[PDB]
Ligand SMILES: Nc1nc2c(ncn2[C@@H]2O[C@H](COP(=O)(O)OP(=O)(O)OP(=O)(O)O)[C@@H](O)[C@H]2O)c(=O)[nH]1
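As a starting point, one isolated chain is supplied in structure tokens, in the form solved without guanosine-5'-triphosphate (GTP).
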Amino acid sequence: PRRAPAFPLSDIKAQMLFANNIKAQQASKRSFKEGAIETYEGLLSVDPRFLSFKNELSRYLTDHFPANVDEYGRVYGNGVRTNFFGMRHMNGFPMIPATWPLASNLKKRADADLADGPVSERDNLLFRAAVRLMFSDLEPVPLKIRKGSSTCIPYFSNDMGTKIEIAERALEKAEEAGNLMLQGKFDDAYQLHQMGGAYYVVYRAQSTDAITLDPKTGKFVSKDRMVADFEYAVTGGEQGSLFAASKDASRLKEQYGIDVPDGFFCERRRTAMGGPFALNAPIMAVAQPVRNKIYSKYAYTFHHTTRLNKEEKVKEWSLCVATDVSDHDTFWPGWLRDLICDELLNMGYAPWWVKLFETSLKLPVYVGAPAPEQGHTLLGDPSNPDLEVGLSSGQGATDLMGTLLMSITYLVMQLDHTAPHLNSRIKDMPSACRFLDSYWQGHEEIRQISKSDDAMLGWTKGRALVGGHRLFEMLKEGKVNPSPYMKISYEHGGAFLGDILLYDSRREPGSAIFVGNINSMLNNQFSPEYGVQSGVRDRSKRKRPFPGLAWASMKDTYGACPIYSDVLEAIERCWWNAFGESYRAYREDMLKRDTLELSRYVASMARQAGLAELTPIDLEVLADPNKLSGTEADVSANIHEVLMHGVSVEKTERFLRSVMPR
């Protein structure tokens, strides 16, 4: 539908996206870059010994720990759900090329038989109900900011003091910018308060994507990842091409003189979009309050933390189906955006605010460098935001957006295939609301626990139960997509929020237990997404603040894995063969070192008083913060201080009062 506008960095429109400083300008022109990461201090992802280690362990662990997942994708036995070839990637060397991000996802949704709006009056009521229940009685709280993160367009600052002004000033001028926007003065809102502009594409890594070995030839094979080229992207796929990127890493010997072991591959790269802080702030200010309501009041379906916690919810179920949404963010419907906005307006949210929100989800995107000799292009015209790319990863409330979309979708699936005897309880907004409120609280024979594209669907004894099994069956045959909204299937080797649901011979939620995902321990330890950035002084700013700390939480996390100790033995053994050293030793040193270094940051920790008071999860997050966006409550207070910094509650309260319908 009408190719999207595109402009070269040279055009004033692009140029106007980066402040006249230094980062900023490097962000514009930054070019394609790849390179072996420093997995751990003084250890390169491609160090021969290391590769040799990866090569041996991968094969070993695979020959001795077959996956145990049944035809319904239920994982049993050893808890292993796939092979260990993920480690065979050359961390730091991305598949060429990355995909250009689609400017419109309408043809896509359509060509997938996905609805371009609620298909039924019932559904429409449900979605709206979710908006009402989610955005209703919020309580103001300070706007927390991640330490080290970038403000992006226009300034690209990593500096907290600055981030705090930017943010504070933003709430000051949010209303004025939104209004500017209501009148269509985009360029004005942007130039005056930097609210608008574009999203800044950055390509993140998937250091472990599927690899399989052909039993016949012994040759290895990596999952093919389709990618759109510019043409295809600026036309929403009506033109251009869609092909497989190349994960072949042979090029590495000839380009870097890097000896590449047989069966190793280039990493998969995911497109990530960093938002314009000025604009996300006013949005975040509402987002977190929303997270608190749902995490509190509808904690049944939305608040998960503790294998036990989760487990306890599932065991009560007669049937637990684990789903799988496909390419969720690219498919997320622009129409849900519009509806959410609509209802919000009806709830009486400040139109200017709704407008900002709306716009945050139509914004152009500046593509950096998806491959050599490629990129530095802005798709979409900021003067008037009209992109339809789905969920932009850097929008201030993308978790909420995916959840709102998905939760309802899941519910509708249950209604559709197993509980028509409930439709009568959803006859208007009021009933719709009461119904959903009940649903989300775990009080219906059809239950759900989820978080965006990750969820488990439940059935208790009741009429729906027989339907439940049919649905489960449908999903197994996988010949028909059960939702009119997204492409859903079952998780083969189902798991939720990282933990694996280990069934027993009974194969019923009743006697199932959540356990760590052994494959995740190895991925995490030998295929990290980021090096350790030893060159960065402030650790709180690093992607991996305290590597060593993981060792501490390890046993707590993966201890109940049926093969936990065997794996460790295996590692140790292979590490010896490759480094002539004790891997365990190594990690303990790192632990000690970090534990000390840690107190240099945390105050309520004597400059030698160590851990103890830390939760396995803190230990988990300090090692890697992308490990809990659950919230600033699932983590020790002294901890958030380490990784976040908030804006005055006084300031947000003032702000919120003006947005809230009341």
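Numbering starts at 1 and runs along the sequence shown. C-alpha atoms forming the largest set that superposes within 1.5 Å between two forms make up the rigid core.
Trainee: Superpose by the rigid core and compare 127 to 135 with 210 to 218; which one moves more, by C-alpha RMS, in 6 other deposited structures of this protein?
Mentor: After the core superposition, the stretch with higher RMS deviation in 6 other deposited structures of this protein is 210 to 218.
Trainee: Report the stretch with the higher mean CA temperature factor, choosing between 161 to 169 and 301 to 309 on the basis of the entry.
Mentor: Per the deposited B-factors, the answer is 301 to 309.
Trainee: When the C-alpha temperature factors are averaged for each of 628 to 636 and 48 to 56, which stretch ends up with the higher value in the entry?
Mentor: Stretch with the higher mean C-alpha B-factor: 628 to 636.
Trainee: Which one of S520, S104, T557, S120 shows the top CA temperature factor in the record?
Mentor: The listed residue with the largest C-alpha B-factor is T557.
Trainee: What's the residue among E388, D116, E254, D416 with the greatest CA temperature factor in the PDB record?
Mentor: Highest C-alpha B-factor among the listed residues goes to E254.
Trainee: Where does the C-alpha B-factor of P8 rank in its chain, lowest, middle or highest third?
Mentor: As the PDB entry reports it, the C-alpha B-factor of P8 lands in the lowest third of its chain.
Trainee: If you rank the chain by CA B-factor, which third does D338 end up in: lowest, middle or highest?
Mentor: Lowest third of the chain for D338's C-alpha B-factor.
Trainee: Test of reading the entry: by CA B factor among the chain's modelled residues, which third contains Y232?
Mentor: Middle third of the chain for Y232's C-alpha B-factor.
Trainee: According to the PDB entry, is the CA B factor of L61 in the bottom, middle or top third of its chain, that is, lowest, middle or highest?
Mentor: According to the entry, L61 has a C-alpha B-factor in the chain's lowest third.
Trainee: Rank-wise, by C-alpha B-factor, drop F265 into the lowest, middle or highest third of its chain.
Mentor: For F265, the deposited C-alpha B-factor lands in the middle third.
There is another form of the same protein, the form solved in complex with guanosine-5'-triphosphate (GTP); it is not shown, and what comes next is about it.
Trainee: If we take heavy atoms and a 4.5 Å cut-off, which stretch out of 176 to 184, 151 to 159, 202 to 210, 232 to 240 is in contact with guanosine-5'-triphosphate (GTP) in the bound PDB entry?
Mentor: That would be stretch 202 to 210.
Trainee: Could you tell me if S540 has a non-hydrogen atom within 4.5 Å of guanosine-5'-triphosphate (GTP) in the bound PDB entry?
Mentor: So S540 does not count as contacting guanosine-5'-triphosphate (GTP).
Trainee: Is the gap between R270 and guanosine-5'-triphosphate (GTP) in the bound PDB entry 4.5 Å or less for some heavy atom pair?
Mentor: Within the cut-off, so yes.
Trainee: Although the partner isn't part of this model, could you tell me whether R544 comes within 4.5 Å of guanosine-5'-triphosphate (GTP) in the bound PDB entry, counting any heavy atom of the residue?
Mentor: No, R544 stays farther than 4.5 Å from guanosine-5'-triphosphate (GTP) in the bound PDB entry.
Trainee: For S553, is any heavy atom within 4.5 Å of guanosine-5'-triphosphate (GTP) in the bound PDB entry, or not?
Mentor: Outside the cut-off, so no.
Trainee: Taking guanosine-5'-triphosphate (GTP) in the bound PDB entry as the reference, which of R128, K163, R225, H303 has a non-hydrogen atom within 4.5 Å?
Mentor: Flagged contact: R225.
Trainee: Within 4.5 Å of guanosine-5'-triphosphate (GTP) in the bound PDB entry, heavy atoms considered, which of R132, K247, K108, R81?
Mentor: Filtering the options by heavy-atom distance leaves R81.
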